[PDB]
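Each remark here refers to the structure printed beneath this line.
Protein chains: 6
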Amino acid sequence: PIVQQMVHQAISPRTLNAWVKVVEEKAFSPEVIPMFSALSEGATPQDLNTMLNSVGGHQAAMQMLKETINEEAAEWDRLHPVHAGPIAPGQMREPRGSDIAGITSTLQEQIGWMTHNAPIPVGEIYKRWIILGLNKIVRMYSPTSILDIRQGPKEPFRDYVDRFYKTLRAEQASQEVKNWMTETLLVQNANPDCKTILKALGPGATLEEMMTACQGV
Amino acid sequence: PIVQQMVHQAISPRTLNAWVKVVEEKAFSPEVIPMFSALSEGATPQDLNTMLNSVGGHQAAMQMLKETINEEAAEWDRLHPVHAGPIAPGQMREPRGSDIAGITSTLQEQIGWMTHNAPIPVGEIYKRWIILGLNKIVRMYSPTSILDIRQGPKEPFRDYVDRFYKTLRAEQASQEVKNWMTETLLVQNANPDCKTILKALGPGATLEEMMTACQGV
Amino acid sequence: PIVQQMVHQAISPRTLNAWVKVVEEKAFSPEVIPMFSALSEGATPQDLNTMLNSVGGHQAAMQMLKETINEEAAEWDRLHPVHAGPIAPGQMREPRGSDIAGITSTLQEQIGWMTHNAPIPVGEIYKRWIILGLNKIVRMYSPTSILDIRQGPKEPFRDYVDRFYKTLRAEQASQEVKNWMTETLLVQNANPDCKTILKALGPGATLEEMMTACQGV
Amino acid sequence: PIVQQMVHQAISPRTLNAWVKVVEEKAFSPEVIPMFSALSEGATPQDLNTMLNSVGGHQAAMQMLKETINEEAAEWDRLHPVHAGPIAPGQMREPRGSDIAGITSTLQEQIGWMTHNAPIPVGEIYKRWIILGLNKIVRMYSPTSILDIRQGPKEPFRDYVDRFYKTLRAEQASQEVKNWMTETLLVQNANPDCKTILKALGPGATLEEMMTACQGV
Amino acid sequence: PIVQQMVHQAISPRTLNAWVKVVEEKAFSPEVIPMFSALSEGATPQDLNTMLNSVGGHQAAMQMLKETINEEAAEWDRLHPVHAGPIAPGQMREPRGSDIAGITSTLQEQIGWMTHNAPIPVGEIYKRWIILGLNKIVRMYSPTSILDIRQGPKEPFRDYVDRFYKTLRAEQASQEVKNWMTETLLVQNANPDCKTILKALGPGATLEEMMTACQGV
Amino acid sequence: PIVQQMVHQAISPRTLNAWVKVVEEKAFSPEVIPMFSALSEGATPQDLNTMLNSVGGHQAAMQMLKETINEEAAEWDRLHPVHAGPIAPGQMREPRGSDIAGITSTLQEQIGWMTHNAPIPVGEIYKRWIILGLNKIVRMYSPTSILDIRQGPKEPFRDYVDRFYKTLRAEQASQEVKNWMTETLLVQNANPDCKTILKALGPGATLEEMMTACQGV
Ligand SMILES: [Cl-]
Ligand SMILES: [Cl-]
Ligand SMILES: [Cl-]
Ligand SMILES: [Cl-]
Ligand SMILES: [Cl-]
Ligand SMILES: [Cl-]
Ligand SMILES: [Cl-]
Ligand SMILES: [Cl-]
Ligand SMILES: [Cl-]
Ligand SMILES: [Cl-]
Ligand SMILES: [Cl-]
Ligand SMILES: [Cl-]
Ligand SMILES: [Cl-]
Ligand SMILES: [Cl-]
Ligand SMILES: [Cl-]
Ligand SMILES: [Cl-]
Ligand SMILES: [Cl-]
Ligand SMILES: [Cl-]
Ligand SMILES: [Cl-]
Ligand SMILES: [Cl-]
Ligand SMILES: [Cl-]
Ligand SMILES: [Cl-]
Ligand SMILES: [Cl-]
Ligand SMILES: [Cl-]
Ligand SMILES: [Cl-]
Ligand SMILES: [Cl-]
Ligand SMILES: [Cl-]
Ligand SMILES: [Cl-]
Ligand SMILES: [Cl-]
Ligand SMILES: [Cl-]
Ligand SMILES: [Cl-]
Ligand SMILES: [Cl-]
Ligand SMILES: [Cl-]
Ligand SMILES: [Cl-]
Ligand SMILES: [Cl-]
Ligand SMILES: [Cl-]
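Going down the list, the protein sequences come from chains A, B, C, D, E and F. Going left to right, the first sequence walks through residues 133 to 136, 141 to 353 as the UniProt record's numbering numbers them. Going left to right, the second sequence walks through residues 133 to 136, 141 to 353 as the UniProt record's numbering numbers them. Going left to right, the third sequence walks through residues 133 to 136, 141 to 353 as the UniProt record's numbering numbers them. Going left to right, the fourth sequence walks through residues 133 to 136, 141 to 353 as the UniProt record's numbering numbers them. Going left to right, the fifth sequence walks through residues 133 to 136, 141 to 353 as the UniProt record's numbering numbers them. Going left to right, the sixth sequence walks through residues 133 to 136, 141 to 353 as the UniProt record's numbering numbers them.
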């Protein structure tokens with residue numbers, strides 16, 4: 133990574153090992169995406185490729201990630217056309233999509249783009265593309281849909297809310313659609329007892345009020 | 133985090153892993169709140185969101201935390217109205233509530249608000265809101281009330297005090313109300329033997345005197 | 133903590153985790169007090185409160201510690217009366233007892249008192265009070281008294297000395313009283329064989345001479 | 133290693153231990169090669185030889201690695217003929233192939249070549265040769281060929297893709313040949329149900345479309 | 133500790153934990169003394185007392201260590217008489233024996249004696265006394281004497297040499313006496329087969345020659 | 133150790153613990169020698185003696201190591217005769233053999249010889265002697281000879297090569313003799329099937345060609 141006088145560091149064994157263990161244990165659970173970002177703070181494309189390629193197994197998801205990264209690289213290419221000509225002594229060459237992904241750019245070039253003034257944060261751009269692919273994978277590997285989360289007859293409300301917001305965290309929808317799902321399905325798909333209790337509260341009750349209301353049930 | 141010449145560091149694997157393990161092991165026990173603060177010392181909103189989002193499961197509590205943070209952000213908004221206009225070259229833009237929570241503010245902007253003179257410690261404000269939500273969760277997940285802690289007939293006084301001050305630590309009440317609870321319930325709800333022994337001591341005996349008095353019982 | 141150009145650091149996960157594990161494993165054994173001090177070297181009151189509050193369970197002892205700290209704070213208050221008036225631009229405000237314990241003083245104020253010339257080491261004062269309370273707890277949780285340590289008929293002398301100086305380490309008495317206890321009880325409460333062997337040595341034999349004399353027995 | 141003011145560090149116990157454990161656990165799986173590179177970032181030839189020689193067992197593969205490194209060293213020799221003569225006071229001696237591999241060059245000489253201006257990155261050259269040998273080993277120890285990966289009658293498509301791209305990751309072929317293998321064999325060697333489903337999609341469907349199409353099957 | 141611009145550091149959790157585990161696992165085996173020294177490199181008397189007092193159990197040995205340290209302190213006192221008078225502004229006070237052992241000297245005073253020019257390395261003096269006591273303990277807790285190590289009839293020579301030099305490492309004797317013990321007892325107390333084989337070699341054979349000679353036996 | 141502005145550090149707990157565990161687990165396997173060197177990079181004689189003396193058990197091998205180091209010290213003595221006279225203010229005293237081994241030289245003197253211009257790297261000289269003794273031990277504790285490694289009738293070629301180059305790694309012979317052993321015994325001592333297959337390849341086939349040729353067998 134690069135940390136602040142900015143200097144370049146090699147990726148630590150604790151970081152890489154921690155990421156490998158995260159993929160081994162949690163597979164592709166939503167919390168993997170924050171952890172990944174946390175473990176890639178200030179990373180060069182070389183460090184990002186290091187983290188991705190250090191994963192054994194799950195090669196279907198890693199190939200999908202490759203294809204997503206390729207799409208984003210092509211979009212960057214058509215959106216940023218490269219200008220032909222010799223680079224000046226005090227200038228950097230324009231990065232291609234494959235240069236953002238650390239495929240066709242050396243570590244020195246990445247340090248150059250990231251640190252030198254008028255910069256291009258290639259590491260955070262690549263990280264953005266990676267996170268897009270990771271969210272697509274998280275969608276694909278979520279078994280349940282939010283529309284099928286229903287409270288059991290004897291299920292405590294709290295556990296049902298845990299399931300609901302886990303599945304909702306796995307759903308691929310904008311925050312307004314998520315807001316609608318909380319607005320409708322949560323109270324809609326509760327068992328009749330808690331459903332009546334919550335319906336009596338009014339359409340503007342917080343989750344704390346709702347959980348306190350049905351905690352005895 | 134940011135540590136003192142102030143410099144910005146990435147969050148360490150030991151810190152994040154330690155927090156994840158703390159939530160996995162202790163669930164939402166009161167001691168989680170100090171640990172959290174200890175693990176968030178000098179953190180930017182990005183690090184705080186990193187710690188919160190790295191938690192799998194307990195998504196009901198995490199959603200409640202989101203709603204609490206939203207309330208505090210709205211209060212900050214109405215209390216700090218944003219002034220329209222272009223920001224000067226040597227000035228920072230006024231942070232909104234969503235900027236305090238790291239939702240709508242970049243890492244660079246957070247470094248700017250935290251370090252630059254005439255500062256706004258957005259990390260400690262966000263941390264304050266988070267701790268409010270965490271205390272609400274700790275209340276909700278405490279099964280017992282302080283009014284029901286009663287010493288058993290053969291229960292040693294020391295264990296009863298452990299239960300009493302654990303449950304009391306989970307109670308949501310001001311320090312004066314807590315002082316009243318220690319003043320009344322502790323001696324009130326002991327078994328008749330220790331109750332008589334303590335009643336003989338006088339209304340101004342320390343906990344050490346009380347525990348030494350009933351340690352034989 | 134603060135370490136030497142003096143700079144302020146956040147408390148490390150290894151330190152806090154190590155302390156939590158120390159309390160979990162050793163409960164309130166005497167060696168906990170050195171370890172604590174070792175883990176609090178150069179700590180601010182915020183770090184000390186962090187270590188104390190990160191302890192789950194043992195809430196009777198933690199409450200006793202709170203009461204001891206309150207007593208010491210009151211003594212500091214009556215011994216150091218606060219002078220009313222506005223603080224000068226280049227001066228610190230006088231710390232109250234609650235400011236020493238990190239209850240009513242910010243981290244910035246603690247850094248100020250500890251680092252600025254003509255200093256007040258509030259961290260080491262608070263640490264002193266904490267250690268007083270910890271010694272009181274160690275007394276209360278010691279089951280045996282030094283007067284009851286007696287060598288068994290077939291017990292090797294070495295194990296009896298281990299028990300004797302463990303219990304003695306738990307005793308609350310000045311070093312002169314401890315010197316008297318070593319002078320009298322150790323030889324007094326040995327089994328008749330080793331008791332005769334030691335009595336033949338003279339009143340001025342070292343522990344090495346005494347243990348070598350009875351190692352065959 | 134050497135990290136950026142560039143300074144020379146000794147190899148850390150976490151790095152060497154991590155590499156030894158990687159070879160012990162994963163044998164010669166493809167992900168070993170990225171990890172190795174990650175653990176050798178900025179390494180001198182002494183550190184590379186340290187990592188290679190610290191491996192017990194697998195001595196057939198380590199000998200093959202030695203022979204590959206010898207071939208690359210001979211090629212460097214014939215491609216870079218050494219010029220006879222005394223080295224100037226402010227100049228470095230021309231490195232031989234055995235000097236790149238850390239066999240006949242001191243640590244001081246390696247620091248000299250790597251740091252001094254007009255440099256020769258001997259560590260990354262040696263690392264390149266090592267990675268060539270490692271890829272040859274990875275080929276030799278891959279049991280299956282890509283031409284034999286066939287979906288089972290009841291095998292979910294996702295697992296079949298995992299096998300396919302694992303074996304493909306082990307294959308020694310250019311990226312164009314790999315592109316042809318994905319273009320032909322993946323759809324070719326699926327079971328008739330998924331084979332028909334995929335054939336209906338068209339010759340230009342992404343892996344995400346293909347996996348979503350057959351996830352019910 | 134203090135490490136080189142010399143600066144004072146707090147003792148690390150890895151060091152203290154490592155020492156505690158060393159005493160827990162190895163009790164008082166000879167290798168404990170090097171480890172201790174390694175873990176106390178550049179330590180102040182506060183760090184040394186920290187390591188010693190962090191040991192639970194073995195309180196007989198720790199008390200013996202206290203008595204040894206007291207003897208050495210008294211010898212330092214009579215050998216270095218303190219001169220009465222006020223200390224100059226740029227001078228240190230003369231350290232007493234109790235000041236060397238960190239009993240009656242603050243951390244600041246220890247830093248002063250150790251760092252300031254014309255220094256007194258109180259940490260290494262205290263460490264020397266501690267190591268004297270530790271060697272006395274190692275003698276006391278060694279069960280066997282070197283005079284009783286005898287090779288079994290079917291015991292391989294190598295194991296007998298392991299026992300011999302372990303027990304010899306535990307013996308309290310000068311290096312000339314140890315040289316005599318190797319010169320006499322090793323060949324003297326071997327079984328008749330190896331005894332004849334070694335006697336044929338001559339009085340000037342190395343341990344390698346001796347072990348190679350009897351490795352078939 | 134000493135690391136580059142050169143500064144002296146204390147040996148880390150991870151390094152010493154790692155070495156102790158290496159000896160405990162691998163005994164005296166060849167890979168111990170690289171690891172040792174890796175863990176002693178930039179070490180003073182005090183650190184080397186620290187690593188050697190921290191080893192419990194294996195005291196026959198450690199005594200042999202002592203005797204080897206003594207031989208090398210005597211050779212250094214006769215090869216470097218000490219010149220009598222007083223040392224100048226800006227000069228170092230000539231190191232004896234016992235000074236190289238950290239027996240009769242303080243840490244300060246070792247820092248002096250290693251850092252001061254016109255230096256004598258006493259740490260790397262001592263390390264060289266130690267490695268000589270370690271190689272002698274590795275020879276003595278290798279049970280098999282290279283002349284007895286023979287492929288089984290049903291043994292895969294790859295495992296036989298593993299045994300062959302392990303035993304060969306344990307052999308004490310120059311690289312030309314090793315080259316002859318690979319040239320003759322490897323093909324000589326294979327089973328008749330693989331022996332014929334390899335004999336058909338020609339006297340100039342690489343190990344990769346040989347292993348690929350017999351991998352079906
Ligand atoms: Cl995995
Ligand atoms: Cl998954
Ligand atoms: Cl790869
Ligand atoms: Cl651009
Ligand atoms: Cl951009
Ligand atoms: Cl519930
Ligand atoms: Cl969890
Ligand atoms: Cl909970
Ligand atoms: Cl998230
Ligand atoms: Cl503001
Ligand atoms: Cl504010
Ligand atoms: Cl009790
Ligand atoms: Cl606990
Ligand atoms: Cl206890
Ligand atoms: Cl608290
Ligand atoms: Cl004051
Ligand atoms: Cl004071
Ligand atoms: Cl005994
Ligand atoms: Cl291995
Ligand atoms: Cl393999
Ligand atoms: Cl080697
Ligand atoms: Cl060149
Ligand atoms: Cl090149
Ligand atoms: Cl599937
Ligand atoms: Cl112990
Ligand atoms: Cl022992
Ligand atoms: Cl103590
Ligand atoms: Cl003196
Ligand atoms: Cl001295
Ligand atoms: Cl033998
Ligand atoms: Cl061992
Ligand atoms: Cl061995
Ligand atoms: Cl030793
Ligand atoms: Cl010399
Ligand atoms: Cl030399
Ligand atoms: Cl084979």
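Don't be surprised by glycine CBs; every beta carbon is placed ideally from N, CA and C.
Please report the residue range of the alpha helix (DSSP H) in which residue i lies.
i	result
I236 of chain C	233-236
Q324 of chain E	311-324
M347 of chain C	343-350
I273 of chain D	258-276
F172 of chain A	168-175
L201 of chain E	195-215
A336 of chain A	From DSSP, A336 of chain A is part of no alpha helix (DSSP H); its letter is neither H nor E.
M250 of chain C	243-251
Which whole-angstrom value is the C-beta distance of residue i and residue j, which I expect to be below 8 Å?
i	j	result
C330 of chain C	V297 of chain C	That belief does not hold up - the Cβ atoms of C330 of chain C and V297 of chain C are roughly 10 Å apart, past 8 Å.
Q244 of chain F	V135 of chain E	Contact doesn't hold; Cβ gap of about 14 Å is too wide.
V258 of chain A	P231 of chain A	6 Å
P133 of chain C	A179 of chain C	5 Å
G288 of chain A	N325 of chain A	11 Å between Cβ atoms; not a contact.
Can you give the Cα-Cα distance for residue i and residue j, rounded to whole angstroms?
i	j	result
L337 of chain C	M346 of chain C	8 Å
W249 of chain E	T242 of chain F	19 Å
residue 138 of chain B	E211 of chain C	Within chain B, residue numbering steps from 136 directly to 141, and residue 138 of chain B belongs to the interval with no atoms modelled.
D284 of chain F	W155 of chain F	32 Å
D295 of chain E	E307 of chain E	18 Å
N206 of chain D	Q311 of chain D	27 Å
residue 139 of chain F	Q351 of chain C	Here chain F breaks off after 136 and picks up again at 141, leaving residue 139 of chain F without coordinates.
Cβ of residue i less than 8 Å from any chain D Cβ?
i	result
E345 of chain F	no
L175 of chain F	yes
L268 of chain A	no
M250 of chain A	no
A309 of chain A	no
Beta-carbon of residue i versus every beta-carbon of chain A: anything under 8 Å?
i	result
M276 of chain D	no
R294 of chain D	yes
Taking the DSSP output, what are the residues bridged to residue i?
i	result
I134 of chain C	C:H144
Using 8 Å as the limit for Cβ to Cβ distance, is residue i near chain B?
i	result
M171 of chain C	no
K272 of chain C	yes
Could one say the Cβ of residue i lies closer than 8 Å to chain C's Cβ atoms, at least one of them?
i	result
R286 of chain B	no
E203 of chain E	yes
At a Cβ threshold of 8 Å, is residue i touching chain E?
i	result
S234 of chain F	no
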